[PDB]
Each structure stands twice: as C-alpha cells, then as structure tokens.
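Listed next as structure tokens is one chain, alone, in the form deposited without the ligand.
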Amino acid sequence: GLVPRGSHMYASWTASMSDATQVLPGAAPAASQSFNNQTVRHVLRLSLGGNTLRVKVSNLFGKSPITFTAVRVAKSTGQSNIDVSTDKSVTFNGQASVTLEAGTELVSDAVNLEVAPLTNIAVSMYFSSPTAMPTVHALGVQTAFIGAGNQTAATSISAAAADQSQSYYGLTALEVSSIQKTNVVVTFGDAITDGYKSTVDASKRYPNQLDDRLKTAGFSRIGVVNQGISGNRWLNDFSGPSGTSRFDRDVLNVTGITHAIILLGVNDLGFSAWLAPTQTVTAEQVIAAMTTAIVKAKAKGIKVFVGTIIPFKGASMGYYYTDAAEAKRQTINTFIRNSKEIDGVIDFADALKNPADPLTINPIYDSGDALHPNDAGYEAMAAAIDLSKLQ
C-alpha cells in the first residue's frame, strides 16, 4: 500500500573532520589555511536522493569562532559550474549568516531542493572576514574552487586554476529527506576508505563503487557515506583524531546509520618504525580499541562489519612495513576472522592479496606504493562485499 508519509533525514554524504594544525610529536608547527573575503565552492556526490536537504558545517578544530557569511547549494554541472535555476540559500534558524564557536558544529535549516541519488551538488561558502579554517577534510579526492568576493550564487567560480584545492573546508555532512525505508552504511577507516590514489573527481573511492553496485542492483534507498581519513590510526591522533576518539561522532552519530564497515589499523602498525617511534602499539591494544567500538555500535543496534587488514609488504620497507608490523597484522586478522561478536567479516585482504605472494597486494590492484589500491583495487574491494548483508 501507500508508504507512510512521515519524512526523515538521512546522511547522504559525509566527510570526517581533521585539525590541519595538529602534527606528530617532535614535529614543527603547521599553519592552517585561511580565507579572507573569498568563496569556496565544494562539489560532492549524493548517495541518497529526496525532497529536501540540509548542510552540516563545522568549526570543530577552530581555535576561535568563524562566521559563514553565506552558504548556498545548487546542482553541479561539472567543474565549478552550477545550474543557477537550482541555486538555493542555506539558512541557519532562518539566518543567511551564522557564527560557530570553536569546537562546535551546526546543521542548517532544510532546503527545498529535490535531488537524485548518485548526482553531484555544489556547496558554496562565502567568508567575508579573515577566517582561519583548520577544520578540514584534508584528502577530498575532489576539486574545490576558490575565488574572490561572494561568488556563492555565481554560475561558475572566476579565479586562477592555481587557487584550487582538494580539501573540504568546514563541510562535514549533507543530509536528505525521504519517506522511504532507508539504510545508511558508514564506511569507517583510513586512506584506503578515504580513497587515496583513486582518480580525483571520478567518484572511484571504494565506498563510491559499493554505492554503484547497490544502485545497479536496484537499492536506491541504501546509502553509503565515507568516514575515512587518510593516515588515520585507532590509538593515536594524527592523521586526524584517533579512531577511538572519533568513533562516536563519525559513526554512531551519523544520521540514519544502520550499518558500519570498519577497516582501520594499518597505520597503527606502520607509524612506529619511523614516523612516530614513541607511539609503538601492540596488536592487543588495537584489538582492545576495536572491541570497544564494536560493543558501542552493537549496543545501538547497528550492524557491524570489520574488514581484514590488506597486505602491504613493500610499503617503505623498514620505515613503515616491518616484520613487527606484519606479525601484528596477522594477529589482528586472525582475531577479525574468528570474531563471533561482529555481524560479519569482509575479507578485503583475501580479495586484494597477490596470488603469487599473499603478503603483498595484487600488482593489478596496486597504485604503485604497495599500500594504497588503485581504481581497480577499490572496485575489487567493493565487489567483495555481500550486498545481502547491507539490507
């Protein structure tokens, strides 16, 4: 019969936030990027369509307040171009401008813009004042366009190509409303979830390719959102907040989450040889962090899947990959494969390993650094997932 008409919001796109100024122990300080009477137009792919949308902006890692002078949305027509007939003001309690204190985030009012799954929209922000923006998604695998003055409603961004970025600035979620029964799959992890070495602007991250499989099978109401951070670790900050500290924000608190795919840990193992020798961790400490995250998500009724850690022999031998890192990887993967607490294993390691040597990534799936997959490898990761488990 008729689907009950109650409308609800669902996360359609996400980006986990990092503090661009945080550095490793013993490292030199790093400056945040700043805007000053400038517009940044972001482009993002929606996983879920629907009738209205809202934008979640962020000053989570600011050291002082920031003011979004204007925020607007429109359908993207490629590069920095928009369909101006779809341009809409994004308001916050009815106001076009909004100030976020340091450490806070805010979701906008609903915007009356009907949107379709697997389409791109542009989210444009104008900062009239000098604005430090340490709160970023560093590796967006997507071009952002920066121009002078308030260009938020302009058909394109007029500026030099050298001003472009591949980050997201203070933009962390896009939610879209629907009356339909809807699942939301959160992919949580590091660069291999984030999509590092997949083709920029091509939507070839593994969660994108999983999304493609779902829609091709007819499940337009099963969404996939990306909560990967390149360089992320379970147990220590950098790159990005530790996985254990961000799990509530980036997984449990995602609007409409029903399923989580967790793939995290290789950087806990790889960072201690050289990047961060004071942060050596054991497989047992990684397993303890995973355990607590699994317990919390299951207590919320979320279906929890854990991926095995993909082989990475050859990745900066002696300085990231080591015999100690491999032994920890083996222990962690054995724990994952035999766990009765999780709803299922996704054996990414088995799917991507080299038939000639299981400690290395399959050459056809290797971006070239022995650690990050290429587009074909991210396609193979998505192909290894049982879609009946996301129902």
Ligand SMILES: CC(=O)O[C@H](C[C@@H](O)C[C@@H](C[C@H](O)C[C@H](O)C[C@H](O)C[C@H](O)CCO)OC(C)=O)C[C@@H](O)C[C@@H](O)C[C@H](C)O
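One rule holds for the numbers: they count along the sequence shown, beginning at 1.
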request  = Would you mind comparing 157-165 and 207-215 for me and telling me which has the higher average C-alpha temperature factor in the entry?
outcome  = 157-165
ask   = Hey, which bit's got the bigger mean C-alpha B factor in the entry, 22-30 or 350-358?
value = 22-30
ask   = Considering only 250, 83, 105, 175, which residue's Cα atom bears the greatest B-factor as recorded?
value = 83
request  = Identify, among 125, 283, 261, 116, the residue whose C-alpha carries the highest B-factor in the deposited PDB entry.
outcome  = 116
key: residue 343, C-alpha B-factor rank within chain (lowest, middle or highest third)   = middle
message = Quick check for you: using the entry's CA B-factors within this chain, is residue 368 in the lowest, middle or highest third?
response = highest
note = Assert third(CA B-factor, residue 52) within chain per record equals middle
key: residue 325 - which third its CA temperature factor falls in, relative to the rest of the chain   = highest
ask   = How does residue 2 rank on Cα B-factor within its chain, lowest, middle or highest third?
value = highest
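Heads up, the form deposited with the ligand bound isn't pictured, but that's what we're talking about next.
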task = Establish, in the deposited bound form, whether 191, 275 and 319 all lie within 4.5 Å of the ligand, using non-hydrogen atoms for the distance.
result = yes
task = Scan 286, 176, 266, 121 and let me know which has any heavy atom within 4.5 Å of the ligand in the deposited bound form.
result = 266
ask   = Looking at 108, 230, 167, 172, which has any heavy atom no more than 4.5 Å from the ligand in the deposited bound form?
value = 230
inquiry  = Test of understanding: in the deposited bound form, would residue 139 fall inside 4.5 Å of the ligand by heavy atoms?
reply    = yes
query = Do residue 196 and the ligand share at least one heavy atom pair within 4.5 Å in the deposited bound form?
reply = yes
inquiry  = in the deposited bound form, does residue 371 come within 4.5 Å of the ligand, counting heavy atoms only?
reply    = yes
inquiry  = Residue-level contact is defined here as any heavy atom of the residue lying within 4.5 Å of the ligand in the deposited bound form; does residue 315 satisfy this criterion?
reply    = yes
note = For the ligand in the deposited bound form, the stretch among 266-274, 122-130, 148-156, 294-302 with residues bearing a heavy atom within 4.5 Å is 266-274
